[PDB]
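# Results of the structural survey
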Amino acid sequence: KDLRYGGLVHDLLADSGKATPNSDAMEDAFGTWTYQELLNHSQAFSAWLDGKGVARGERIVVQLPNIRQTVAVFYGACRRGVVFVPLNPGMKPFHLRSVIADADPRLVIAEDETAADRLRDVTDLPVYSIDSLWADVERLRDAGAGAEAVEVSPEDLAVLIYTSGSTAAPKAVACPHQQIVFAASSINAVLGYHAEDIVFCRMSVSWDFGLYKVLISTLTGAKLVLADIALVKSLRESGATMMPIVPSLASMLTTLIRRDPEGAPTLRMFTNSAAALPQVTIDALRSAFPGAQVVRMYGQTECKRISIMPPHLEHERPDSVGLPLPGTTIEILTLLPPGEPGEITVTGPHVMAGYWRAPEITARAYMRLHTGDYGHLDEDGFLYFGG
Ligand SMILES: C[C@H](C(=O)O)[C@H](N)C(=O)O
């Protein structure tokens, strides 16, 4: 439909960079880039990788906060078939050691010089601070470098997304270009982001929750705001229209909102995943933001996302986490009839390429994804947990 099959991630950026070069693409605490600017910096970063001889298929590990440079790193890497491995700032050292070694990168990008030193303790790979490598990126940007394309297959890996905690063995979902682009397009076919949306994103891009607000905004030409007591004020002052949430962020927001009768009227949608959103939170979100839809979703990183409750149905089937993503199938398993509980299983062009270098773990979970969650489909195709 609007579903994209066989896509490359960086093509999302090239399109918007040509289609709306002068619209705002990314804002952070420090400034704003238009789509032209994001394209230029992404190209410049691609030349920096070329300059360092990082080849197609190799990984870079990037431990950065939510700032404009990280998005340019993501796209520039994509443009060279290099594998973006985003990690959250503040991981414990031993945890980093384990994950960096598993990811097996060509090099590592850190937040600043103190962080670059801590990283040097835990790997022998080359480690670059973002502020120092960025002086070069800007030179390259000024020289117009990296503008050329290179061969990248839709089947090539774009990203490894680590989901394992400290106390666990390292584990990353291995994400090819095509699946990513497909999943973004399918989510958006349900959610309806568009070019005048302003997305207020408080999730790290190291989580697929934030990564996909980068992708979905880029896909549609929207503006992404990379964002504590001031949350209400931030939302209102950014003119935010779309906001991904998790239940703890939504409770916080409803507490904060009662202290501020100016609200954040520009808000039109909250999209919840990751955990079950209680009714009381939903009610309080609608009360503070009567203009906004509160949309329930459910997913796993293994296939990005599984179900979305269509916005227009937000008041119905209160126990459901919605319908399958458009272009995908949910089956309950030996296929069971409707209403019969069983394991939630998922088939489609969003199902990712397994876990990175872990045939054994991959075998149990994976062309069909077994979520290890249990529930049923009602008569109409809607998904529920339990019975
Ligand atoms: C964020 C969710 C999760 O795995 O917790 C899922 N990746 C989703 O986007 O719906």
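Residues numbered from 1 in each chain as written, not as in the entry; some residues may be left out. Heavy atoms only, no water.

In its metadata, the entry names X-ray crystallography as the structure determination method and reports 2.20 Å as the resolution.

Right, let's talk about the overall build of the protein for a bit. A tally of regular secondary structure across the protein gives 12 helices and 19 strands. Over its C-alpha trace the protein gives a radius of gyration of 21 Å, about what one expects of a compact globule, namely 21 Å for 387 residues. For the protein, the spread of C-alpha atoms along the principal axes amounts to about 55 × 55 × 40 Å. Among the 387 residues that make up the protein, the fraction classed as buried is 58%. (Helix = DSSP H or I, 4+ residues; strand = E, 2+ residues; numbered from the N terminus. Rg over C-alpha atoms; globule rule 2.2 N^0.38 Å. Buried < 20%, exposed > 50% of the residue type's maximum accessible area, 1.4 Å probe, protein only.)

Here the focus is the side chain of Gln69. Note that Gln69 resides in helix 3 (residues 68–78). What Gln69 contacts, discounting residues up to four positions off in sequence, is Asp28, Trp33, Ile130 and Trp134. (Contact = heavy atoms within 4.5 Å.)

Take the pattern of salt bridges next. A full pass over the atoms with the stated rule returns 23 salt bridges. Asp156 is the salt-bridge partner of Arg56, the closest N and O atoms lying 2.9 Å from each other. On the criterion of sequence distance, the pair formed by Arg56 in the loop between helix 2 (35–51) and strand 3 (59–63) and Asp156 in the loop between helix 6 (130–142) and strand 7 (157–162) is long-range, its members being 100 residues apart. Taking relative accessible area as the criterion, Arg56 reaches 41% and is therefore assigned partly exposed. Among the residues examined, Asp156 registers a relative accessible area of 15% and is labelled buried. One network of salt bridges, in which partners are shared, links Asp24, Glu27 and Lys223. (Salt bridge = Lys/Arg side-chain N within 4 Å of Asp/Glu carboxyl O.)

Of all the 5 residues making up strand 4 (residues 83–87), 5 are buried; the element is thus mostly covered by neighbouring parts of the structure. By the alternation rule, side chains of strand 4 split into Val83, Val85 and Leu87 and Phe84 and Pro86, which are all buried. Note that strand 3 and strand 4 share 5 bridges and pair parallel. Looking at the pairing, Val61 lines up with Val85 of strand 4. This β-α-β element, strand 3 to helix 3 to strand 4, shows right-handed connectivity. (Pairing = 2+ DSSP bridges. Right-handed = clockwise from strand over helix to strand, strands pointing away.)

The next thing to look at is the side chain of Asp378. Take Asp378: it is sitting in the loop between strand 18 (369–377) and strand 19 (383–385). A polar side-chain atom of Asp378 sits 2.9 Å from the main-chain amide nitrogen of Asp380. (Polar contact = N/O pair within 3.5 Å; in protein donor to acceptor, adjacent residues only side chain to side chain.)

Glancing now at the site of the ligand. Surveying the vicinity of the ligand reveals the residues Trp207, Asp208, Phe209, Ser273, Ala274, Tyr298, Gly299, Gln300, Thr301, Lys304 and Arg305. A distance of 2.7 Å is found between an oxygen atom of the ligand and a side-chain nitrogen or oxygen belonging to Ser273. A total of 280 Å² of accessible area belongs to the ligand in isolation, and the protein chains cover 90% of it. For the shell around the ligand, a count of residues per class yields 4 nonpolar, 4 polar and 3 charged. (Near = heavy atom within 4 Å. Areas by Shrake-Rupley, 256 points an atom, 1.4 Å probe, with all protein chains shown as cover. Nonpolar A, V, L, I, M, F, W, Y, C, P; charged D, E, K, R; others polar.)

Next up on the list: the packing of aromatic side chains. Summed over the entire model, instances satisfying the criterion amount to 10 aromatic pairs. Measuring from centroid to centroid gives 6.4 Å for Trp33 and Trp134, while their planes differ by 15°, and the two rings are stacked. Here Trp33 is found in strand 2 (residues 32–34), whereas its partner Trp134 is found in helix 6, with 101 residues between them in sequence. Look at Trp33 and you get buried, because its relative accessible area is 6%. Three or more aromatic residues link up through ring pairs in this structure, and these residues are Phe45, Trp48 and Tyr128. Cation over ring: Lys171 sits above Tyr355, and NZ or CZ is 4.8 Å from the ring centre. (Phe/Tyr/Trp six-rings, centres within 6.5 Å; stacked < 30°, edge-to-face > 60°. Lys NZ or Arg CZ within 6 Å of the ring centre and 35° of its normal.)

Turning next to the environment of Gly386. Turning to its location among the elements, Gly386 is positioned in the segment after strand 19. According to the relative accessible area criterion, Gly386 is partly exposed, its value standing at 34%. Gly386 has contacts with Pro341, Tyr374, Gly375 and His376, leaving out every residue within four places of it along the chain.

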